[PDB]
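> let me see the structure of the following:
(one chain, ligands or ions: 7)
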Amino acid sequence: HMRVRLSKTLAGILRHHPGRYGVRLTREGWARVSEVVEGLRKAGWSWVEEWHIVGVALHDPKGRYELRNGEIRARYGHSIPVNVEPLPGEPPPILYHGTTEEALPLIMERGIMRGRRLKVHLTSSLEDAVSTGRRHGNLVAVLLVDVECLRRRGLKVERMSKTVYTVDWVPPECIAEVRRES
Ligand SMILES: Nc1ncnc2c1ncn2[C@@H]1O[C@H](COP(=O)(O)OP(=O)(O)OC[C@H]2O[C@@H](O)[C@H](OP(=O)(O)O)[C@@H]2O)[C@@H](O)[C@H]1O
Ligand SMILES: [Cl-]
Ligand SMILES: [Cl-]
Ligand SMILES: [K+]
Ligand SMILES: [K+]
Ligand SMILES: [K+]
Ligand SMILES: [K+]
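Residues are numbered from 1 along each chain as shown. Ligands and ions are numbered 1, 2, ... in the order given. I have put the structure below:
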(Lines give C-alpha, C1' and ligand atoms only; values in the text may rest on other atoms or scores of the structure.)
(Ligands and ions follow the chains in the order given, each with its own letter.)
Protein backbone atom coordinates (compact mmCIF):
# COMPACT_ATOMS: atom_id res chain seq x y z
CA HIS A 1 0.00 0.00 0.00
CA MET A 2 1.02 3.66 -0.23
CA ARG A 3 2.56 4.66 3.09
CA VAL A 4 2.88 8.31 2.00
CA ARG A 5 -0.85 8.64 1.29
CA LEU A 6 -1.79 7.13 4.67
CA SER A 7 0.79 9.33 6.42
CA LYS A 8 -0.63 12.49 4.82
CA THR A 9 -4.11 11.58 6.04
CA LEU A 10 -2.73 10.72 9.50
CA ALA A 11 -0.94 14.07 9.73
CA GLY A 12 -4.27 15.76 8.94
CA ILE A 13 -5.97 13.82 11.75
CA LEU A 14 -3.29 14.54 14.35
CA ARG A 15 -2.61 18.17 13.43
CA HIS A 16 -5.79 19.69 12.02
CA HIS A 17 -9.10 17.79 12.09
CA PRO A 18 -9.09 14.86 14.56
CA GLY A 19 -12.84 15.09 15.13
CA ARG A 20 -13.56 14.46 11.43
CA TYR A 21 -12.13 10.97 11.99
CA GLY A 22 -13.71 10.31 15.39
CA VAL A 23 -10.58 11.23 17.37
CA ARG A 24 -10.23 13.34 20.53
CA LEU A 25 -6.71 14.50 21.35
CA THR A 26 -5.37 15.16 24.81
CA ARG A 27 -4.00 18.64 25.46
CA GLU A 28 -0.52 17.23 24.69
CA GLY A 29 -1.77 16.07 21.27
CA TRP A 30 -2.06 12.33 21.96
CA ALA A 31 -4.66 10.20 20.15
CA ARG A 32 -5.66 6.65 21.00
CA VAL A 33 -4.43 4.54 18.08
CA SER A 34 -7.65 2.49 18.29
CA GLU A 35 -9.73 5.63 17.58
CA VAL A 36 -7.47 6.61 14.67
CA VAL A 37 -7.83 3.11 13.24
CA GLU A 38 -11.63 3.13 13.40
CA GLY A 39 -11.91 6.58 11.82
CA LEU A 40 -9.64 5.66 8.93
CA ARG A 41 -11.53 2.42 8.35
CA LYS A 42 -14.83 4.30 8.23
CA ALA A 43 -13.27 6.70 5.71
CA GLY A 44 -12.55 3.77 3.37
CA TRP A 45 -9.10 2.63 4.57
CA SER A 46 -10.67 -0.78 4.94
CA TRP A 47 -7.44 -2.71 5.64
CA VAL A 48 -5.91 -0.45 8.29
CA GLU A 49 -5.17 -1.78 11.78
CA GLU A 50 -2.97 -0.67 14.67
CA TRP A 51 0.02 -2.34 13.01
CA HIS A 52 -0.21 -0.03 9.99
CA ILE A 53 -0.63 3.21 11.96
CA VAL A 54 2.30 2.35 14.22
CA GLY A 55 4.26 1.47 11.07
CA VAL A 56 3.61 4.90 9.54
CA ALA A 57 5.10 6.49 12.66
CA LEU A 58 8.13 4.16 12.79
CA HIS A 59 8.91 4.46 9.08
CA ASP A 60 8.39 8.20 8.83
CA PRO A 61 11.69 9.62 7.51
CA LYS A 62 11.27 12.92 9.40
CA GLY A 63 10.10 11.80 12.84
CA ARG A 64 6.74 13.55 12.35
CA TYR A 65 5.10 11.25 14.89
CA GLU A 66 5.66 9.99 18.41
CA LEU A 67 4.34 6.71 19.86
CA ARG A 68 3.76 5.44 23.39
CA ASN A 69 1.72 2.38 24.41
CA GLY A 70 -1.69 2.70 22.76
CA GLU A 71 -1.21 6.30 21.58
CA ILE A 72 0.24 8.45 18.82
CA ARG A 73 0.73 12.17 18.30
CA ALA A 74 2.18 14.56 15.79
CA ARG A 75 5.27 16.31 17.20
CA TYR A 76 4.55 19.62 15.42
CA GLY A 77 2.57 21.24 12.63
CA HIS A 78 -0.72 21.53 14.51
CA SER A 79 -3.41 24.12 13.86
CA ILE A 80 -5.40 23.00 16.93
CA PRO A 81 -4.16 23.81 20.47
CA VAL A 82 -1.66 21.31 21.89
CA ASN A 83 1.35 21.51 24.23
CA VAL A 84 4.27 19.33 23.08
CA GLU A 85 7.36 19.25 25.26
CA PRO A 86 10.68 19.81 23.45
CA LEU A 87 13.14 17.12 22.52
CA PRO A 88 16.58 17.47 24.12
CA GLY A 89 19.20 19.44 22.24
CA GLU A 90 20.14 22.99 21.46
CA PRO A 91 19.18 24.62 18.16
CA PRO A 92 22.01 25.29 15.69
CA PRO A 93 23.07 28.89 15.01
CA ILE A 94 21.25 29.05 11.63
CA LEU A 95 17.94 27.44 10.73
CA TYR A 96 16.05 27.44 7.45
CA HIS A 97 12.49 28.30 6.44
CA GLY A 98 11.38 27.48 2.90
CA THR A 99 8.78 29.72 1.29
CA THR A 100 7.84 31.24 -2.06
CA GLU A 101 9.43 34.29 -3.65
CA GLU A 102 5.97 35.88 -3.76
CA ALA A 103 5.75 35.76 0.05
CA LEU A 104 9.03 37.62 0.60
CA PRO A 105 7.72 41.23 0.61
CA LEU A 106 5.23 40.59 3.41
CA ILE A 107 7.72 38.45 5.33
CA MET A 108 10.18 41.34 5.20
CA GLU A 109 7.47 43.59 6.69
CA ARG A 110 5.82 41.37 9.30
CA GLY A 111 8.38 38.61 9.87
CA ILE A 112 7.75 34.92 9.33
CA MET A 113 4.32 34.33 10.88
CA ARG A 114 2.62 31.14 12.02
CA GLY A 115 -0.44 31.52 9.79
CA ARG A 116 -3.04 28.94 10.73
CA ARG A 117 -0.57 26.85 12.75
CA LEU A 118 0.46 27.31 16.38
CA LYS A 119 4.09 27.97 15.45
CA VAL A 120 6.47 28.97 12.72
CA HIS A 121 8.40 25.85 11.67
CA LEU A 122 12.13 25.97 10.93
CA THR A 123 14.42 23.15 9.85
CA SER A 124 18.12 22.36 10.05
CA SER A 125 17.85 20.71 6.60
CA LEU A 126 18.17 23.08 3.64
CA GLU A 127 16.84 20.33 1.36
CA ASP A 128 13.77 19.87 3.54
CA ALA A 129 13.19 23.64 3.48
CA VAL A 130 13.22 23.61 -0.33
CA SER A 131 10.71 20.76 -0.46
CA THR A 132 8.45 22.60 2.02
CA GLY A 133 8.53 25.80 -0.03
CA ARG A 134 7.70 23.79 -3.14
CA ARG A 135 4.36 22.79 -1.61
CA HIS A 136 3.36 26.45 -2.03
CA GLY A 137 4.74 27.22 -5.49
CA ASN A 138 7.47 26.69 -8.05
CA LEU A 139 9.57 29.81 -7.29
CA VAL A 140 11.05 28.96 -3.92
CA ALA A 141 13.18 31.03 -1.57
CA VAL A 142 14.90 29.69 1.54
CA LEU A 143 15.29 32.07 4.48
CA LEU A 144 18.37 31.66 6.67
CA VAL A 145 17.27 32.54 10.20
CA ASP A 146 19.74 33.81 12.81
CA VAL A 147 18.75 31.67 15.81
CA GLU A 148 20.62 33.73 18.42
CA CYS A 149 18.75 36.80 17.13
CA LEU A 150 15.50 35.02 18.08
CA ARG A 151 16.78 33.74 21.41
CA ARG A 152 18.28 36.99 22.69
CA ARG A 153 14.96 38.80 22.33
CA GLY A 154 13.18 36.10 24.33
CA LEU A 155 11.80 33.82 21.58
CA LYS A 156 12.14 30.14 22.49
CA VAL A 157 13.38 27.98 19.60
CA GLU A 158 12.20 24.51 20.59
CA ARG A 159 13.37 21.23 19.08
CA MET A 160 10.41 19.09 17.97
CA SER A 161 12.20 16.42 15.89
CA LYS A 162 15.73 15.62 14.80
CA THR A 163 15.50 18.51 12.29
CA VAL A 164 12.36 20.60 13.02
CA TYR A 165 12.27 23.50 15.50
CA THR A 166 9.36 25.77 16.34
CA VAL A 167 9.23 29.44 17.27
CA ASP A 168 6.30 31.76 17.86
CA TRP A 169 7.42 34.26 15.20
CA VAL A 170 10.57 35.26 13.30
CA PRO A 171 11.23 39.04 13.36
CA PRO A 172 12.34 40.34 9.97
CA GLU A 173 15.65 41.49 11.47
CA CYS A 174 16.51 37.86 12.29
CA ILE A 175 16.46 36.87 8.60
CA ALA A 176 20.18 36.69 7.80
CA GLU A 177 19.99 35.78 4.09
CA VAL A 178 17.62 34.75 1.31
CA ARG A 179 18.59 31.93 -1.08
CA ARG A 180 16.74 31.50 -4.37
CA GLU A 181 15.60 28.13 -5.74
CA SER A 182 13.64 28.10 -9.02
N1 LIG B 1 4.45 37.41 6.90
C2 LIG B 1 4.10 36.45 5.90
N3 LIG B 1 3.48 36.84 4.81
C4 LIG B 1 3.14 35.98 3.85
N5 LIG B 1 3.39 34.68 3.95
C6 LIG B 1 4.02 34.24 5.04
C7 LIG B 1 4.40 35.09 6.05
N8 LIG B 1 4.99 34.33 7.00
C9 LIG B 1 5.02 33.09 6.59
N10 LIG B 1 4.43 33.03 5.40
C11 LIG B 1 4.20 31.80 4.54
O12 LIG B 1 2.91 31.33 4.77
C13 LIG B 1 2.99 29.89 4.50
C14 LIG B 1 2.31 29.23 5.69
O15 LIG B 1 1.96 27.94 5.29
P16 LIG B 1 2.11 26.69 6.33
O17 LIG B 1 1.37 26.97 7.56
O18 LIG B 1 1.74 25.45 5.54
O19 LIG B 1 3.64 26.75 6.77
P20 LIG B 1 4.90 25.81 6.33
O21 LIG B 1 6.06 26.34 7.06
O22 LIG B 1 4.96 25.78 4.83
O23 LIG B 1 4.42 24.31 6.87
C24 LIG B 1 4.79 23.77 8.14
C25 LIG B 1 5.16 22.35 7.81
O26 LIG B 1 6.28 22.49 6.87
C27 LIG B 1 7.44 21.91 7.45
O28 LIG B 1 8.10 22.82 8.26
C29 LIG B 1 6.81 20.79 8.33
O30 LIG B 1 6.42 19.80 7.53
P31 LIG B 1 6.95 18.26 7.61
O32 LIG B 1 6.23 17.48 8.69
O33 LIG B 1 6.62 17.67 6.30
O34 LIG B 1 8.43 18.37 7.86
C35 LIG B 1 5.59 21.60 8.86
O36 LIG B 1 4.61 20.60 9.30
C37 LIG B 1 4.27 29.52 4.38
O38 LIG B 1 4.64 29.35 2.90
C39 LIG B 1 5.13 30.64 4.98
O40 LIG B 1 6.38 30.85 4.45
CL1 LIG C 1 5.08 3.36 26.19
CL1 LIG D 1 2.12 24.30 15.00
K1 LIG E 1 -7.98 9.63 21.04
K1 LIG F 1 4.77 16.43 13.11
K1 LIG G 1 5.54 27.21 9.65
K1 LIG H 1 8.55 26.92 20.17
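> tell me which parts of the protein are close to ligand 6?
The chain comes close to ligand 6 at residues 120, 121, as judged by CB under 5 Å from the ion. (Each C-beta comes from the backbone N, C-alpha and C, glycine too.)
> surely residue 146 and residue 174 touch.
Yes. Residue 146 is in contact with residue 174 according to CB atoms under 8 Å; the separation is 4.9 Å.
> okay, those two: which has more neighbours?
Legend: neighbour count by other CB atoms under 10 Å for residue 146 and residue 174, higher for residue 174 (23 against 18).
> which one is that one nearest to, not counting chain neighbours?
Spatially, and ignoring its direct neighbours in sequence, residue 174 is nearest to residue 149 (3.7 Å; CB to CB, 6 or more residues apart in numbering).
> ditto for residue 148
Nearest to residue 148 is residue 93, by CB to CB, 6+ apart, at 6.3 Å.
> hey, which helix is longest across this protein?
For the chain, the longest helix by residue count, based on DSSP state H, is helix 3-15.
> what's the first helix or strand after it?
The helix or strand immediately downstream of helix 3-15 is strand 31-32, counting by DSSP states H and E.
> that following strand near ligand 4 anywhere?
Yes. Judged by CB under 5 Å from the ion, strand 31-32 comes into contact with ligand 4 through 31, 32.
> show me how far that strand is from its chain's centre.
From the chain centre to the centre of strand 31-32 is a distance of 18 Å (CA atoms, centre = their mean, to the nearest Å).
> and for stretch 53-63?
On CA atoms, centre = their mean, the centre of stretch 53-63 falls 14 Å from that of its chain.
> which SS class is the residue most central in space within the chain?
By CA atoms, centre = their mean, the mean C-alpha position of the chain lies nearest to residue 77, the distance being 3.3 Å. Assigned with DSSP: H, G, I helix; E, B strand; the rest coil, residue 77 falls in the coil class.
> residues contacting it?
11, 15, 64, 117, 121 (CB atoms under 8 Å, 6 or more residues apart in numbering).
> repeat for residue 176
Taking CB under 8 Å, 6+ apart, one finds 94, 144, 145, 146, 149 in contact with residue 176.
> the first one and residue 123, how far apart?
So that's residue 94. 11 Å (CB to CB, to the nearest Å).
> who's more crowded, those two?
With neighbours defined as other CB under 10 Å, residue 94 and residue 123 compare such that residue 123 has more, 23 against 15.
> that one bridge partners, please.
Counting by DSSP bridges, residue 123 is bridged to residue 96, residue 164.
> ok, the closest residue to residue 156 other than its chain neighbours to residue 180 distance?
Of all residues not flanking residue 156 in the chain, residue 167 sits nearest, at 6.9 Å (CB to CB, 6+ apart). Relative to residue 180, residue 167 is positioned 23 Å away (CB to CB).
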